Every structure is written in C-alpha cells, then in structure tokens.
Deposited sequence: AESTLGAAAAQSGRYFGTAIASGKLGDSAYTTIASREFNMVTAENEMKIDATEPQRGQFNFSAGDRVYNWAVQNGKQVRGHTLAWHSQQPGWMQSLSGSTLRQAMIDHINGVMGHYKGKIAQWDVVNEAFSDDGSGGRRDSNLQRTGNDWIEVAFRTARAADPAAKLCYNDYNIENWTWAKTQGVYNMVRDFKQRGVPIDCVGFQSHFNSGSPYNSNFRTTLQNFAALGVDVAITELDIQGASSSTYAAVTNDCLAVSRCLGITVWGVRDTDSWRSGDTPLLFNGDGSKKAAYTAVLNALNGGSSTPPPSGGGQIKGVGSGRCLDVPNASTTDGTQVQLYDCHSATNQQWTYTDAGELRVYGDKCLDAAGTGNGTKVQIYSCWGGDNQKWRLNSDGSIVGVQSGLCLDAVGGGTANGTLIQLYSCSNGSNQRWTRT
C-alpha cells in the first residue's frame, strides 16, 4: 500500500518502525496508531541489561516478551536493544570491573540472545561506546576498562549465540561526516571488517536538534559506511520541532543508499517521547498526524497560490484585509498578496507573512479564516498528494461550501469526501 508509513517503506524493500513501551500497550489510542503505521519494533527499555538480568545469572524476559508478542501478533519484525552498554546497568553489574565484568558481559549476551534466538532481525550489540569530547576516542566506562577489545568480544560472542541476526553497532552524533566521533566509528568498523570481526550493520540514532542539527552530508556518511560492506539504519530518529523538510530529507537520504535497511522513529506520539518538550515525532499528543507525517509518507511514496480544481478559483482573503476573524473565500486568481500562501515546515499556511489560515473549531461547517500565527494545531495543515488539505487538529478537509464555484464562495471544514471542492493545486 501507500497510505501507511510501513507499507510505503515496503515499496522500496525497507521498513519504518517505532519504539514501543510495554506500559502503554493497554492504551488503545497508542496501539491503534502503532499497529497500523509501523512494520518494525524496538522495545524502548524492556530489552536493556537491567530489565533482562536483574540479578547476576537470573534472567527475566517478562517485559521484553510482552513487547515481542505484541510485535509478532501484529505482523512486525523486532530490533533487539541493547546487549552491552555503559548506561542503565543493573546495580550488581555496576559493581563489577576487570575480568569479572568481562565474563558477566559475555554471559549476559549469551543469556538474552539464547532466549530470542532466531526471533530478532537486528541486535544493537554494543551501544554508545565512543566519547563526545571531540577526540574521536573510546568513552571511559567500566566496560572499556576491561580492555579495548571488549567491543570485538561482544560481537564475536553475539554471532555464536545467534548467527541468524544482523549485528549492529549503535551510536549518536555520528551522522555528520566531519565530526571526530563519526570518523572514530568509521575506522573501528573498517578495522573490524579487515580482521574478520563479525559486524553486519551500523545504527545511526539520529537524534537531531539545535545543538546537533541534521546536515546534508549525512548521505555521504551513510555511503561511506555502506562502502565498508555493512548495512546501515536510522535507529532512534526524532527531530526537535519536527520540521517537514528535515524529516523528508532524512528519509530521502536512506532511500538514496541501497544498503539503508529502514528507519525507526523513537516513539509514537510527541507525548510518548523522551523529549516531549521538543515535539519531535510524527503524531501529536492527540494521536493526529502532523505535517511532517505527510512529508515522510510522500517521500517514501517517491515524491504561491492555492486554487480549487472544482472551481478553478484561488483561496482568497476578502478585500485583502488583515483583520483576525476574516473568513477566506474563492476568487478569480490574480497575483496579489491576499492570494499568496506560504506553507511552512511547521505546516502552516501563511499570508501577509504573519497571519495564518485558522480553523475556529473542529466540527463540520467550521469557519476557515485568518488569525495571528501562534502555533496551534488548528493553524496546522497537511497537504495530501491527492490534492486535499487536511487540518491537523480536526482531521477535516478544506471545503468550498455547497460545492460553490463562483467568487465569494466561503471555505469551511467538512468531512473529507475527496470531492472536487476539496481538491486544490499549488501554482
């Protein structure tokens, strides 16, 4: 298909997944979206070290299995996250050092992979082993202190435990090619491939924001690692502000690299995010598709004035007034400011620069007007490929009242029927 992210990604042999929290599976609003849109799942915390081995040698897969069962019951594949990591270690392991820690690491890998043997598509075997101090060197942790070869040992151990799973190294801030961290990871992978250390993929977490923005050279970064003979994947994607352009850009970067397996966004709704304050996901708290959602779907599927097809007239602001509450209408198209609409990354349709197409309600017949831009979901719109314009908050379509076609026809919100008075083209 091409109406859901997962199905659209499958059209190019890829997947589109999300992170699932077992504690939210009882929320039908959560699961409805999750089961429908994604075909790949990562347990947000259920498969971490502290959750799977609470006490040394005593494994517990109850939380992890709830996530796994849900995934398979709903036709999704699973990424295992994560086997060796300096963070979120259970108390007993934090107390270990030297050879004792090294063996415990090995035992943990064998224990967790044995339970899920043959059931996991990808495993983040080692997570975040590199430093952020700009040296491009290893992060200092109890694991690194057991010996520089700890990462290699983790991978060799993993391959023996379950040779059916793809083994990935996973990290953040390794997307921009110019960073020392990115290059430090590249050299490690190169070394591993030349010495025969088993590693099949590199996961780029892809947590983008103002302090660590997406950069177009990310595509060369992906190509460079791919050239080493490993697959690559975007594993924990989220973008501060959820810019439609940036979300579409990241998607196209993966689509340009044959070795890019797929994309996983780190969560379902903004409110489920570990960084909810940054509204970095594709669905808002209400479970509504955001503007970025449409941008991603359109990219996966291959992808001024606004005139209605059924009337041939343009979206117009009466008498070119700038008064809040002025309802918009259809009118003879002519290059005039009151007919110039700018679609922003946030999904707004701006006029006069600071006025926004505004929905004064969420029900059928709601008046569509202009109002000072402030960022509300009632000022957010999704421009579907079928030519329809849907309001993020209401889920309703821009509709020319009564199918009218003459000048003065008013614009409202109405159930989407894909009628001709609901289709628009940008010129």
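### Task
Please list, in sequence order, every stretch of the deposited sequence that lacks C-alpha coordinates.
That stretch is 304 to 312, the only one.
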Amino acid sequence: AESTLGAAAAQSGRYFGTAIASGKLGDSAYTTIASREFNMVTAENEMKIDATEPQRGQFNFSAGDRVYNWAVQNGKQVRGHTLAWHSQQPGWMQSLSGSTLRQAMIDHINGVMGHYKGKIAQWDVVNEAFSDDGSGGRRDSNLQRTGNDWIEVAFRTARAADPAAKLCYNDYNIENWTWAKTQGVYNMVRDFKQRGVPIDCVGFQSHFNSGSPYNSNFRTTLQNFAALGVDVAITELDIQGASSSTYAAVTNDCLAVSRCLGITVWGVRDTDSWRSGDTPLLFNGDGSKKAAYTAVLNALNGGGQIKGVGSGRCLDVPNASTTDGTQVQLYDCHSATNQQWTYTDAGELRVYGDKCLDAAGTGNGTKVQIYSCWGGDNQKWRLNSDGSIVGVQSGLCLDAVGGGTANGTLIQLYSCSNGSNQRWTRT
From here on, numbers count along this sequence of modelled residues.
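Take the two forms, find the largest set of C-alpha atoms that superpose within 1.5 Å, and that set is the rigid core.
### Task
Could you say which moves further from this form in 5 other deposited structures of this protein, stretch 330 to 338 or stretch 74 to 82, by root mean square CA distance after aligning on the core?
It is 330 to 338 that deviates more in 5 other deposited structures of this protein.
### Query
Given the B-factors recorded for C-alpha atoms, which segment has the greater mean, 339 to 347 or 195 to 203?
Mean B over CA atoms: larger for 339 to 347.
### Message
Mean CA temperature factor from the deposited coordinates, higher in 388 to 396 or in 30 to 38?
### Response
Higher of the two, by average CA B-factor, is 388 to 396.
### Task
Return the residue from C373, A51, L383, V67 that has the highest Cα B-factor in the entry.
Going by the entry's C-alpha B-factors, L383 comes out highest.
### Residue with highest C-alpha B-factor in the PDB entry, from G80, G262, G114, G304
The record points to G304.
### Task
Place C333 in the lowest, middle or highest third of its chain's C-alpha B-factors, as listed in the PDB entry.
Ranked within chain, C333 CA B lands in the highest tercile.
### Task
Could you say whether, by C-alpha temperature factor, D149 belongs to the lowest, middle or highest third of its chain?
Within its chain, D149 is a middle-third residue by C-alpha B-factor, going by the deposited values.
### Task
Compare the C-alpha B factor of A121 with those of the other modelled residues in its chain, then answer lowest, middle or highest third.
Middle third of the chain for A121's C-alpha B-factor.
### Message
By the recorded C-alpha temperature factor, relative to the other modelled residues in its chain, which third is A19 in?
### Response
Lowest third of the chain for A19's C-alpha B-factor.
### Query
Among the modelled residues of its chain, does the C-alpha B-factor of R102 lie in the lowest, middle or highest third?
Lowest third, going by the recorded CA B-factors of the chain.
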